[PDB]
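Take a look at this one chain, the form solved without the partner chain, written out in structure tokens.
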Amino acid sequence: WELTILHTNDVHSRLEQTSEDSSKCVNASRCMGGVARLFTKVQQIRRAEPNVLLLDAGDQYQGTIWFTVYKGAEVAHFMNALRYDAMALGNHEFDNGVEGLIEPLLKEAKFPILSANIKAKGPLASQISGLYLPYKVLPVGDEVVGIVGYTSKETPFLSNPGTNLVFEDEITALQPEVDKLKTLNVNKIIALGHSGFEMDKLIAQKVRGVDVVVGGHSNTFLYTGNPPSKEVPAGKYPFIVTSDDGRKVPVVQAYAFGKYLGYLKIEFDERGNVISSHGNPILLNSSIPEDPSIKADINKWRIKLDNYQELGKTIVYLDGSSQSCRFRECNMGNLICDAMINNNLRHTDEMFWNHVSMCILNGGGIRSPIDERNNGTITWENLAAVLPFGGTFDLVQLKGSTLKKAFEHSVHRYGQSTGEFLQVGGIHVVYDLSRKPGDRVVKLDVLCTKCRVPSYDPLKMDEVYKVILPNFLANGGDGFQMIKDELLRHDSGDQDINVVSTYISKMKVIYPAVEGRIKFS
């Protein structure tokens, strides 16, 4: 008995086809992904194979004006049109609160939405009862397949799920559900979830009875053979984990932004044991036509969006890709920090903040690049994809020791494409990744403020510094608990996207460089 698992993750509101790097489509012959093209490929496979599941591992929410405007209604609509079979909740599904998850998505989805490790408490429990499930048993041909869901333990620090939801440890929360399925004589079991590649492998190894893990969150690209595009494989597809109970468990993920369709064929015996698995993500390039009906529907909904005028011009590529901004100095990060600093200084009235020259900004907050080849034009739509969260750029007062700890946290688990990696302004930092976590920062110089000419001086642990940063970080987002607990003063500031669009309008032509604000030894 063969099962074909088709899988997406971290689509992040890329409803329309995109440029190769997931930014707006311009030359529609090199464009990729989009829901209309996805439909075609799914349809082709459904024509060919008898036992097909189409799964999503979370993070449909957030990423373009589609989501800014339709708030998830577009998600339920097009996922329904694609006839997804199940979805696990990702952290970004909680970005508009539970209220923004229940109403546009949980009420409208025609397929089960899953997470076994999220527990409701207080009044919310009976409100959201049954709207998402820990698992679902799905008929596939004459067989059934159990699908069990999970969501990153870190979600309260990543998104806005509120205080009435408890996020338990994935493995602990999963094992009883998998056991219940086994007592129900479900012998084929897929764990579908949004915790990242490292947790996916742990689940494969530790949760007895799981046959396949379909993951997301870390935007992991896996591939067997020579890759068809710019993404560099982190490992083979599928990635085989040897479980503690001695089984070979395939672990898959499919990058992000709808660029690829995950495709894994599993051979089971009649008792539900995996005999073999093989596949590869399918590049959704222009060789696959966009489905006319879906496309027409897309064009219909695209009308309301067209509103989003030219803000200014860039003469350089604005690299706001996660592969850059979560790993090293990226010019989009520099631009945003420079904008934060610039906008604030143009408030010369407020005396306590009018020399602030230091900025930090989590790479996880930077959600898209902007391409320069379209006459360099930058529009509100382009920018809303970079900064979709509607946050503010705030001022805080911090001890040197706090900042040093923040920079340690920035790389404490480097290599997993997590969001806490810091972009900067008025700061020169050097990391040595070979040293133990907590001790990786080997140089940290900052612009002096009590000096008539700004220059770089070593940060002192017992001095106090003034820093501009996203409110998300001021509130301890991405696990910067030291900032929230230790800050000395916190004033709220201007709206993030307005700050950057203003700066671009003032500057007229921008050209941020990679300058060596951040180095590695």
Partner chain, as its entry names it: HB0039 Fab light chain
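Residue numbers count along the first chain shown, from 1.
The following text describes the form solved in complex with the partner chain, which does not appear among the structures shown.
The partner chain is not shown here, and in the bound PDB entry it never comes within 4.5 Å of any heavy atom of residue 248. The closest heavy atom approach of residue 412 to the partner chain in the bound PDB entry falls outside 4.5 Å. Within this chain, residue 137 lines the site of the partner chain in the bound PDB entry, having a heavy atom no more than 4.5 Å away.
The partner chain is not shown here, but in the bound PDB entry it comes within 4.5 Å of a heavy atom of residue 107. Checked against the partner chain in the bound PDB entry, the candidates 171, 305, 133, 274 yield a single residue with a heavy atom inside 4.5 Å, and that residue is 133. None of 223, 111, 389, 327 but one reaches within 4.5 angstroms of the partner chain in the bound PDB entry through a heavy atom, and that residue is 111. With the partner chain omitted here, the record of contacts in the bound PDB entry names 125-133 of 279-287, 415-423, 252-260, 125-133, defined by a heavy atom within 4.5 Å.
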